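A single chain, nothing else alongside it, follows as structure tokens in the form deposited in one PDB entry.
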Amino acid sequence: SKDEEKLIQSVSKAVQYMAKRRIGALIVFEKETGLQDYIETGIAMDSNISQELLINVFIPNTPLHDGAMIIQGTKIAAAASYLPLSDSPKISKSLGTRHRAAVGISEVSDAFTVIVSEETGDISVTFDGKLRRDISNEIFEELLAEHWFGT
């Protein structure tokens, strides 16, 4: 749908902007597994999605930057949520807490999560327990549409 396409672009442009600036980001998209428990660890927003708000949330040294944004349908449910951290040895001891968090939530839920690395600006995603690293902008948009909306 047209409105779904608008939302994919909003998220994609935000993720691309943060990747360019090497702004760390962690955004979880709820699917079938209810994430209310993790949402309640963060700051409740129930906010509409925009490129501008997504970027604002993750600006370094701001109250909402640390932790995960969790999106439920067309709304931002919360920011600065605490995800569990994976103990997988596959996660290079080099990789930061955000990656461990993204894999962590993917181990205990069917959520689709995007991570922007603050070191490299690489875009990665997790789902079904596995980190998929350093994907292109075009592939991120394709996977996001698939997992978020099923389009």
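Start at 1 with the first residue shown and count on from there.
The same protein has a further form, the form solved in complex with a small molecule, not shown here; the description that follows concerns it.
For the options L83, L54, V103, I115, the residue carrying a heavy atom within 4.5 angstroms of the small molecule in the deposited complex is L83.
Note on contacts: among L26, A111, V125, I39, the single residue with a heavy atom within 4.5 Å of the small molecule in the deposited complex is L26. Interface residue remark: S92 is not counted as part of the site for the small molecule in the deposited complex, having no heavy atom within 4.5 Å.
Interface residue remark: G96 is counted as part of the site for the small molecule in the deposited complex, having a heavy atom within 4.5 Å. Using a 4.5 Å cutoff between non-hydrogen atoms, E30 does not count as a contact of the small molecule in the deposited complex. When the small molecule is considered in the deposited complex, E107 lies well away from it, no heavy atom lying within 4.5 Å.
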